[PDB]
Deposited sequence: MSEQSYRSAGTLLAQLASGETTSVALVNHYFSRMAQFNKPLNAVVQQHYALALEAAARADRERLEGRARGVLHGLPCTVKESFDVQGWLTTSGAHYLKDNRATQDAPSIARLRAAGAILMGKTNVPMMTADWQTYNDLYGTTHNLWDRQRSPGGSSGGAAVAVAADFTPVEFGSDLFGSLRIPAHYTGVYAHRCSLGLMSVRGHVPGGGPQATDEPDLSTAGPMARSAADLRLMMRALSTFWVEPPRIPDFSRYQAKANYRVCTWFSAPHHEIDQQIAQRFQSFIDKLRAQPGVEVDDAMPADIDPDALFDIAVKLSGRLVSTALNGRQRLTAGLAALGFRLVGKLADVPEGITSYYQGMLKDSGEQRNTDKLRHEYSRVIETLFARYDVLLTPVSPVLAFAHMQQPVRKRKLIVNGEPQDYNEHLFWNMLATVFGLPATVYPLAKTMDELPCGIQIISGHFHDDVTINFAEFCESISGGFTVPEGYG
């Protein structure tokens, strides 16, 4: 099979029905990386021989009725900073250029046990500590929509690989937007899981207290499929998210938070959000309120975020109660991921890095402002690609909900797919 941009869900169906095999899929993805990865520099380790062997095994198992696992026979790549047994985990640092993992990171092991075929790893900035993706070991990852621009970071290689169909899904860590920001800039879906829903151990730098992890994909159903594979609670659940299937709702009540004093977004995002909200407000049973609680001072929360990045705790626990009541009244909260769309590479020292909002220079740390909320309170957040004209860059929206409401945000993204937005194939790719 040579068809490009099939979803994981479709691919699993076609494996079951014999319209494709795992060997044909591994050859598809490595073929696309041969044809397209050089100018993008998204996949920085390739393990073809191991992947082809694993695919042959999956195919034998399928034929003999011995296939097991919800990802059985599905190839993928993972973020370079997660341990895969026998593979290098450099995190783009010279000090670790020959650091090879002894065992899988626990979430990697859980993809492998679901039957995923790991074909390689995708680029990260050094120690995954930036909102761009570049390092001295592997080079810069370029945004496939405009290669003079960054796909963001730290999961930038993963977002580009998904958007180029080098892989149907990806898996990465998210501290302050590490998964969400590259999804926004690059036009793919991402889900950062609730704190405690899945292990982030076996990550370099990397059970961490703020970092979570989750999938990238090109549909909401594929995000849900990954979470079926990945979820292993290590906190006591306040409730059990249901990842079994899309659960459609008759009523949605949505909160928006698109600006704060001194934290404005570019008018282009503002108009594209407004156009999306207009369509959402026109749906039966849907209310959309501009109802961010004023109880949460954004500057106070930013100061907490800056500190984390007996007194702060006091405020943090009080704000977490304001969020619980918020998500008893609203199903989801929609916010920006960044105040800008994808920018040209900025590898100067941090201090000199600017984001141009409505013509004015703004702080690079606006990335932290628009991602601290889910990070600080351990919340789930799905990033959903909005529509784009061929003359527009990708733009995502961040769908947040209460702790262990991961099913709610992913279900909300699938409902949005019926309204506006979704994955768009970049011009020049399959």
Problem set entry | Deposited residues absent from the coordinates (by C-alpha) | 1, 208 to 214, 318 to 367
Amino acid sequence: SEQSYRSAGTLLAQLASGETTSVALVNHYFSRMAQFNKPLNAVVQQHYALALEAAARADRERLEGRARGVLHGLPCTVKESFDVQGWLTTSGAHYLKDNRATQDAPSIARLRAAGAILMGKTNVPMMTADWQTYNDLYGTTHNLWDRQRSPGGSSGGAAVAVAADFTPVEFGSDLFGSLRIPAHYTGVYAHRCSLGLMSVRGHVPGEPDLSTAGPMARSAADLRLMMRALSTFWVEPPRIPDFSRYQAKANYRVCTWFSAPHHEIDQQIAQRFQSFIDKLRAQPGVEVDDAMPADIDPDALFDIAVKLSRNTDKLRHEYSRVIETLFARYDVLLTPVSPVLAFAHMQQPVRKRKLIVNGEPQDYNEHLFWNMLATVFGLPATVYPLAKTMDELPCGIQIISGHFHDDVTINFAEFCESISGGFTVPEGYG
From here on, numbers count along this sequence of modelled residues.
Exercise. Can you tell me which stretch has the higher mean Cα B-factor, 137 to 145 or 150 to 158?
Worked result: 137 to 145
Problem set entry | 325 to 333 or 177 to 185, whichever carries the higher mean Cα B-factor | 325 to 333
Exercise. Quick one: which of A229, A163, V340, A260 has the biggest Cα B-factor according to the entry?
Worked result: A260
Problem set entry | Peak C-alpha temperature factor (PDB record), options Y384, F377, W370, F36 | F36
Exercise. Where does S17 sit by CA temperature factor within its chain: lowest, middle or highest third?
Worked result: highest
For this session: Please rank the C-alpha B-factors of the chain's modelled residues and tell me whether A114 sits in the lowest, middle or highest third.
Result: middle
For this session: Within this chain's modelled residues, let me know which third the CA B factor of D222 belongs to: lowest, middle or highest.
Result: lowest
Seminar exercise, completed: Assert third(CA B-factor, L50) within chain per record equals middle
For this session: Can you work out whether the C-alpha temperature factor of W234 puts it in the lowest, middle or highest third of the chain?
Result: highest
